[PDB]
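One structure is given here, and the rest of the page talks about it.
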Amino acid sequence: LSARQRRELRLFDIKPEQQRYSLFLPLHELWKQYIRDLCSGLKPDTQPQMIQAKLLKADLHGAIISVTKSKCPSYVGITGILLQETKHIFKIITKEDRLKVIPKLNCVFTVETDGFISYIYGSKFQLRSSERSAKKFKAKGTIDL
Amino acid sequence: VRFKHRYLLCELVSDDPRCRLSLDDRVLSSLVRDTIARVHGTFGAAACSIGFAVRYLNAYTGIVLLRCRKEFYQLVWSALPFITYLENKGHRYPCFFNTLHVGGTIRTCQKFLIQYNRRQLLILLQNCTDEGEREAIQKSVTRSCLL
Amino acid sequence: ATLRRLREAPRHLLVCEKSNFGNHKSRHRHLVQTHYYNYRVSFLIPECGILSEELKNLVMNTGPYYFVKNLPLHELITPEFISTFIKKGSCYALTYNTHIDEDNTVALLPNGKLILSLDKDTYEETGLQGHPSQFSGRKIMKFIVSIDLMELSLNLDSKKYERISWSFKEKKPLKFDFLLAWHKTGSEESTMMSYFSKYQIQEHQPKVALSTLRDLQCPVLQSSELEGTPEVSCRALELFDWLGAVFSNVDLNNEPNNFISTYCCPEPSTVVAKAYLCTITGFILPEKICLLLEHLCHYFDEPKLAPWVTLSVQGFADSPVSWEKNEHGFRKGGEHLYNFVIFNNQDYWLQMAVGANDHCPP
Amino acid sequence: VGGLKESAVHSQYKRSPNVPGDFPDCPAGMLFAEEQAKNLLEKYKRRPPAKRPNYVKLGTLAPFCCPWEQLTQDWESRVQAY
Amino acid sequence: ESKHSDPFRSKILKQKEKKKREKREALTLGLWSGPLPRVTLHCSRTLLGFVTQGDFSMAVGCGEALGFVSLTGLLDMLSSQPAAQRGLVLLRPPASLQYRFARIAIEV
Amino acid sequence: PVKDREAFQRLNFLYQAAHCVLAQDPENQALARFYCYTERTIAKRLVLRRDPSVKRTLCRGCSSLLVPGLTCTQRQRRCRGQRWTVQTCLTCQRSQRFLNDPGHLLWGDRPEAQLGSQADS
Amino acid sequence: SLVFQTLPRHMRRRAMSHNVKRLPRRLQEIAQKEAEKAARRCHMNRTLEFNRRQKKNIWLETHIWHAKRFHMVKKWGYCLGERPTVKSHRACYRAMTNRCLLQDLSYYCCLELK
Amino acid sequence: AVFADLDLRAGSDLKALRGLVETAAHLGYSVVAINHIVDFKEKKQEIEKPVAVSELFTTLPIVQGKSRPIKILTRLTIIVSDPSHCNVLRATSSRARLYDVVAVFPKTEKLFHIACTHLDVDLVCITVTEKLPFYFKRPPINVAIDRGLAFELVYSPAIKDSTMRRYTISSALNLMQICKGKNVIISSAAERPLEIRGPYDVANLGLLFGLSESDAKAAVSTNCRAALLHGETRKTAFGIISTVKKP
RNA sequence: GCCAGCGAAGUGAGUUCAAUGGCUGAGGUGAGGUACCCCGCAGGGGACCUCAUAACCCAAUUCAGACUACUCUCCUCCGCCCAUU
RNA sequence: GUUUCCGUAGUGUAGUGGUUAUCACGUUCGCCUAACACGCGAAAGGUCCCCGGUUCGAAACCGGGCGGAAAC
Ligand SMILES: [Zn+2]
């Protein structure tokens, strides 16, 4: 059950790397209508503390990210939507076809909503993101970036 | 989780022995903490007041034991020569004298007080030459063998 | 522990070197040309009541220097700015009044190395390859990125140039107040006023303070003795303490009173009747000091009444990189400075002042 | 009751050499000195640098006590060759 | 003791950069198979003997070493001193650089 | 169903996101496997009772929610008695037994069609 | 004011809290008043276990005394006692010029020639 | 390296409050914060419209540094003595989320332990006035250094009496032998227009306290940065900060 | 499952109201520099100068082993991204 | 050195031999009174000390890290 689910891997191949990244936009279009169906109130004045709290447990698969701070200078400035989301890494695909892996070690990601911009500090958000929606996101420490 | 202390001994050597009868822990704590504020300023007056306390004092003998830290033993032990004019109801002029600066360790601080006490009574034998006092020395030697 | 650090020391260093102007292996020219930032230039000549007219025209022609308000960093990396000032001379840039341990500080080298000092809030947002500069315990707070613009000029379409140019325009806007100056070393002469016509550029002249001090008590020197012979000559260390008091108008005697000034002259000394003072206050090019150093070397072509002259140049308290490698910080003071005690027999003393966290080259 | 280390202070304070391998003979001392060289070389490679003092800067081949295959051949080469 | 030059340091970065090259004789800090010229004359003071049992004594009250020398090392020193004290011979521990003198006396 | 109401949106989003990958580009199914593996894990820890109509397509061996419906083999055959509709993928080679018969349409309407007439608001 | 630390330092065992039977009889009576205020079994033939272990080493008769309270280091021959677990470096010399001492030196072989 | 932060405790009129802003802008101070003293006797919490920074200041602060405007923030300092008053402070986690950095002033060793372990505050005020002895225990300190909690070691002995110079140096040296000096900040509560010193001179008063040979400069720059940033993760949320951008 | 101890002087630190990791100078190793010397293969070595040497933490009868808190450092195994050919 | 126990709305504490978070005090509101102390109903208020692991699901069970408390 452990090695039998891990025969080859669940990892990508060489041929899906060139799948014409603008065709991954309906995956972002599905996520864009998902956020409007989640809170269903955006415009006049509707609780910015609620928006950043519902995105704690929200499955952010297929969302645009842009690195505005990282400990590595080479990681900063990479844009694209994400496909996989592992323990402390998540694989993104960028502009004209090439995929990149950015670890969730000490960095923050910028997620652009319709009328909101939310930073996600990737040093606390780890540990198998299916379990992130479950339990145990408590208040610990600061993020010195 | 524990503090390293330093224990310094002192001795009042003076004439007019009514000054030795006027010794108290309330007066000694008001004497040492004041003369640090007279020599040094308000820095050493409170840096040598958070661990400073009295533990051992005999007015009939004249041995002073004081408490101080590892980081601030050099302020108390340098304020000892500048202690004059113990003001009281009469006219008194005592002055402290150190014997050995002991680094903590109360047991061997009391051991040095024993060897200092034994050397004081042996010299006192021939210099005094009193028949009534020599019998009191024989009471001190006999009771010390019973310990 | 607590009583040791209240009286121990700050870090300071002094390197004293005697040499010859006529020596073929002398580095009196290389140490001044490769010293990048200069603010205070003061020279003294004893027994000089009438200044020579050649030196007086040299003091008034040290600048000028320009000051631009709110200039962004992406303007200094355009190929138009490199081909005008950088490729046809040496252009200098220093962010005015942005301290080296408080905010961001950007500096420019004549070799085309844009070496800038950033804090932690900017080094993580620009995304430029750097390294730590001074350890502040564990939380490293300052970073320095070295960007060589001359190697980017060979391939302007390279991946290194588009990484840096995108990092300043749309990724992180950073405007500063620059102290700009340029040495005219090109065929086509174009002023800086024509290029920066959009922003508020102001042409500034260096402040010149000309004074004459009378009855100065100068020490006795021997050029072949740095440590100082007893009761015959003086130590070179003792003149470096004496020289700052003459420029700071401190020349007094012994006054036993309520206000005793315990500042004695270094003995043995000599009563000197006249002493000429000068203070050139502004952003000084080091190439102008090289014409000033060689004029003071040619000051002893004729037999003069002065035994030795003075050339002391004080740098900024805000310079990131001086002496081509030394990252000058700011730990409760500390400034970089060098000195020239030029004698009549083409010998000079090189007294380099080192600050708190700073190193020294030969 | 002591042990082998107490059996080692039995001879070094009595000014007699130890019987296992401290005296150099052909069949016995060459095997124990090599076994002695295998223990401290393991301890030398165990410690990382900037913690131990270097031995090229200070002295000679040490604490490995086998140059006497050539040391006794050297002191006869100093005298008999002149 | 005046320190000695170490020309074997240049072969260490030659060895480390070759080991990482071939991936993508262990002579590191004091081992080499060249012991011939050093036994002749290497140190400042001429070394002649070793110490096998090196410890401080609880019997005498000071440092008492025990080791082995050669005859030609002794009789070269003994021929140089027919005068006063003869067993005053310095020793040098390998972890230090400080020569310390002892008293040679063969008690048989 | 106050705090658990948010959890229903996180399960059907990753279920639908695996369909959007295979609708545009088939024969590269690594995104459909991970979106089903995350869907099963959230339902495993945050306990929800999903319907057997969708769950019989997830192919509970490791993960494949749409792969047996358009690539693998789903046929009808008769093993011993009544006929069975065997759903078998081509990755873990597991099968799921489902019998199709007109004699048990009353029991075939028992798990799925009884909640269509009884689950009232 | 502790009874458990009044004992001499050679006679200190850290198992005085689990079982009380590691204490003397007169010191146990006070510890019974202090008790109000304050892994599996082994069933194997240990003789046949040590018989199998003797095939490798030499395993002297007094090995069960020495290995229980000494640091056992294998050497050119067999494993023998080298250093005590209690610190007794100054105590062995003090028990040699004034007091008494004895060792176990059984590795010294003998060759009888008739 | 955000340098020269403060914690001022003074409000009675806008004539004295604006004078402290212009005086701090003169020497070296880029970010100036204002505390609000709340006692347990009055039980009053004016949180709604206390200061009105943009309304009651004349639009242009000028420092001699980068010539950047002063980030004038409003902090809170609560004098806490009883455990029956801290329950109101624990109720402020959802009722009124203002006063970006919240500081607490404990008086009890049973209350000092919950403030460093259980209570969610940003900094802890340790000041000793008029013979207040207090033991410093190591388990409430060793958790606070990893949690991110700092300590406002507020000094103001030169206002009224020279005897207050003793109780500031005594309580600080009790902390430095125990806390080891990981995150301890110093600041001056100034009510008079001349009670503030330059930040190049403040760094020796922390070296008068000891605390390092070099991190005493970082006790006003680096440790004040980590103490101000602890109030930002407490304000909005601890992991995700969502900001509304309207160009 | 159950059953076995000795109040007696003095631990290569042996304190117990609880000693001891000190300073200065010279080195080692790890960065940086040379108007200095020697060997002559552009190279290398030596000499000299500046700087880092810590964090976690404290013996209380001792030892072996597991677990946990760690970086001035060295060894092994790799990942991600940048740039080059 | 030694042993056992404990961490639960604001406090004091239950409870659970694993799938639900609550009783007493106090606050708010309501019952009541011309306006009240009691009685009584109801609501606001949760990092169930922290992480990992087991299990379909740990306030719980296990492991580790702290913390706190009772006494020689
Ligand atoms: Zn399958």
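What percentages make up the Cα-Cα pair-distance distribution of the stretch G:5-114 when the bins are 5 Å wide from 0?
Per 5 Å bin, starting at zero, the Cα-Cα P(r) for the stretch G:5-114 comes out as 2, 8, 12, 14, 13, 15, 14, 11, 7, 3, 1, 1, 0, 0, 0 percent.
Return the sequence-ordered ³J(HN,Hα) values of the stretch B:19-34 in whole Hz as given by the Karplus equation 6.51 cos²θ - 1.76 cosθ + 1.60 applied to θ = phi - 60°, using x for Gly and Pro.
Working through the residues one at a time gives 5, 6, 6, 9, 10, 7, 6, 6, 7, 5, 6, 8, 8, 6, 6, 7 Hz.
As an exercise, identify the GluC sites (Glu not before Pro) in the stretch A:62-126 lying in DSSP coil whose Cβ has no more than 12 other Cβ atoms within 10 Å. Please list the in-between numbers first.
Numbers: sites: A:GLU85, A:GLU96, A:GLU112; in loops: A:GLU85, A:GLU96.
For GluC sites (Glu not before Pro) across the stretch A:62-126 that sit outside H, G, I, E and B with at most 12 neighbouring Cβ atoms in 10 Å, the list reads A:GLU96.
What are the residues whose amide H is under 5 Å from the amide H of C:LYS332, where those residues sit 5 or more places off or on another chain and H is modelled from the backbone?
When sequence neighbours closer than 5 places are left aside, there are no close amide H contacts.
Would you calculate a helix-derived [θ] at 222 nm for the protein assembly as shown, using -39,500 (n - 2.57) for each DSSP H run of n ≥ 4 and dividing by the full residue count, to the nearest 500?
Values: 40 runs with 385 residues, N = 1326.
Counting only the DSSP helices, I get -8500 deg cm²/dmol.
Multiply the residue gap between C:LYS69 and C:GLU238 by 0.36 nm, knock off their C-alpha separation, and tell me the result in nm, one decimal place.
Working: separation 169, 0.36 × 169 = 60.84 nm, distance 4.30 nm.
Length gained between C:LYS69 and C:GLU238: 56.5 nm.
Comparing A:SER74, A:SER123, A:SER133, which has the greatest mean-square fluctuation in the GNM of chain A with Cα pairs linked when under 10 Å apart?
Residue with maximal mean-square fluctuation among A:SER74, A:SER123, A:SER133: A:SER74.
Just for the protein assembly as shown, what percent of DSSP beta bridges are antiparallel, to the closest 5? Each step should come with its number before you reach the end.
Working: 133 of 152 bridges.
Restricted to the protein assembly as shown, the bridges split so that about 90 percent are antiparallel.
Could you give me the percent of Cα pairs per 10 Å distance bin for chain B, shortest bin first, beginning at zero and ending with the bin that holds the maximum distance?
9, 35, 33, 17, 6, 0
If you place +1 on the Cβ of every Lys and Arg and -1 on the Cβ of every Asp and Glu, how big does the dipole about the Cα centre of chain C come out, in debye to the nearest 20?
Numbers: 36 positive and 42 negative charges, 210 e Å.
It works out to roughly 1000 debye.
What pairs in D:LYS5/D:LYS51; A:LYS71/D:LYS45; C:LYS113/H:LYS71 have C-alpha atoms more than 30 Å from each other?
Values: D:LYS5/D:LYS51 27 Å; A:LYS71/D:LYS45 35 Å; C:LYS113/H:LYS71 34 Å.
Listed pairs above 30 Å: A:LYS71/D:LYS45; C:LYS113/H:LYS71.
Amide H of H:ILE196 versus every other amide H placed in the peptide plane: which residues, excluding those fewer than 5 positions away on the same chain, fall under 5 Å?
none
For a quick check, take a GNM of chain C with Cα springs below 10 Å and name the residue from C:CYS91, C:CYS297, C:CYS265 with the largest mean-square fluctuation.
C:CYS265
Quick check: net charge around B:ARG6, other residues with Cβ under 11 Å of its Cβ, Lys/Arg +1 and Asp/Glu -1? Present the calculation step by step, with values, prior to reporting the outcome.
On the way: positive: B:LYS4, B:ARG67, B:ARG69, B:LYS70; negative: B:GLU71.
Around B:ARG6, the surrounding residues sum to +3.
E:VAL51: net charge of surrounding residues, Cβ under 12 Å, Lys/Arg +1, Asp/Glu -1, itself excluded? Let's see the in-between values first.
Working: positive: E:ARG92, E:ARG100; negative: D:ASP22, E:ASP55, E:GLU64.
Around E:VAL51, the charge tally is -1.
Of C:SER248, C:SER158, C:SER19, how do they rank once you tally other Cβ atoms within 10 Å and put the fewest first? Mind showing how you got there, number by number?
On the way: C:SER248 8, C:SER158 11, C:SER19 15.
Final ranking by Cβ density, sparse to dense: C:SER248, C:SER158, C:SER19.
Roughly how big is the protein assembly as shown's charge dipole about its Cα centre, with Cβ charges of +1 (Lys, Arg) and -1 (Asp, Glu), in debye to the nearest 20?
On the way: 192 positive and 128 negative charges, 1841 e Å.
About 8840 debye.
Given the options B:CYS109, A:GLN49, G:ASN57, identify the residue whose Cα lies farthest towards the positive end of the charge dipole of the protein assembly as shown (+1 on Cβ of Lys, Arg; -1 on Cβ of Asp, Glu).
G:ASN57
Going toward the positive end of the dipole of chain B, with +1 on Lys and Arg Cβ and -1 on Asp and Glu Cβ, which of B:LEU121, B:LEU57, B:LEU8 do you reach last?
It is B:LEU8.
Could you list which residues have their amide H under 5 Å from that of H:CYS125, counting only those 5 or more apart in sequence or on another chain, with H placed in the peptide plane?
H:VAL104, H:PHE105, H:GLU152
Rounded to the nearest 0.05, what FRET efficiency do B:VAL27 and H:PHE134 have when you use their Cβ-Cβ distance and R0 = 22 Å? Walk me through the intermediate numbers first.
On the way: r = 27 Å, r/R0 = 1.24.
For B:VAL27 and H:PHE134, the calculated efficiency is 0.20.
Among the listed pairs H:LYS41/H:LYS110; C:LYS87/H:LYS66; A:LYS95/C:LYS159, give every one whose C-alpha distance is greater than 24 Å. Could you put the intermediate results ahead of the total?
Details: H:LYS41/H:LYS110 20 Å; C:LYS87/H:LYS66 31 Å; A:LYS95/C:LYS159 16 Å.
Violating the 24 Å Cα-Cα cut-off are C:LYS87/H:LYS66.
When only DSSP loop residues count, what trypsin sites (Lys or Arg not before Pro) in the stretch D:16-52 have their Cβ near at most 12 other Cβ atoms within 10 Å? Before the final figure, lay out each step's value.
Details: sites: D:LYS38, D:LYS43, D:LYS45, D:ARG46, D:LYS51; in loops: D:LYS51.
Answer by residue number: D:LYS51.
Among A:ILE35, A:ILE14, which comes first, then next, by fewest other beta-carbon atoms within 10 Å?
Working: A:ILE35 20, A:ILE14 6.
Going from sparsest to densest Cβ surroundings: A:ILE14, A:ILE35.
At most 15 other Cβ atoms within 10 Å and a DSSP loop assignment: could you name the GluC sites (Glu not before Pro) in the stretch A:1-38 that fit? Could the numbers behind the result be given before it?
Details: sites: A:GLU8, A:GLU17, A:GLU29; in loops: A:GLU8.
Filter output for the stretch A:1-38: A:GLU8.
Which is the longest part of chain B that has none of the chymotrypsin sites (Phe, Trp or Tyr not before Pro) sitting in a DSSP loop with at most 14 other Cβ atoms within 10 Å? Walk me through the intermediate numbers first.
Values: sites that count: B:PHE3, B:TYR60, B:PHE82, B:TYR85.
In chain B, the maximal stretch lacking such sites is B:86-147.
Going 7 Å from the Cα of H:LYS107 in the Cα-to-Cβ direction, what parts of the stretch H:18-53 have a backbone nitrogen less than 20 Å from that spot?
H:36-46
What's the angle, to the nearest 10 degrees (0 to 90), between helix A:25-36's Cα axis and the longest principal axis of chain A?
30
Reachable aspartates and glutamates from C:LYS175, Cα under 13 Å, same-chain residues fewer than 8 places away excluded?
Partners within reach: C:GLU75, C:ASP103.
Comparing C:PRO46, C:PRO256, C:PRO266, which has the greatest mean-square fluctuation in the GNM of chain C with Cα pairs linked when under 10 Å apart?
It is C:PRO256.
Averaged over C:120-129, how many beta carbons belonging to a partner chain fall within 10 Å of each residue's beta carbon? If you can, show how the numbers build up before the last one.
On the way: counts 8, 5, 0, 4, 13, 8, 3, 11, 3, 3.
The mean count of partner-chain Cβ atoms within 10 Å per residue comes to 6.
Taking θ as phi - 60°, what are the ³J(HN,Hα) couplings along the stretch D:74-80 by the Karplus curve (6.51, -1.76, 1.60), each to the nearest whole Hz, with x for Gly and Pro?
8, 6, 8, 7, 7, 9, 6
Could you please rank G:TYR107, D:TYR44, D:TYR55, placing first whichever residue has the fewest other Cβ atoms within 10 Å of its Cβ?
G:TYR107, D:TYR44, D:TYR55
As I understand it, the dipole of the protein assembly as shown uses +1 on the Cβ of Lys and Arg and -1 on the Cβ of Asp and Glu, about the Cα centre. Which of A:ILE89, E:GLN15, E:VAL69 lies farthest toward its positive end?
With unit charges placed on the Cβ atoms, the residue in question is A:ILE89.
Note that each Cβ is placed from the backbone with ideal geometry, even for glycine, and that neighbours are counted across all protein chains shown. Rule-based calculations on the coordinates, nothing more; no lab input.
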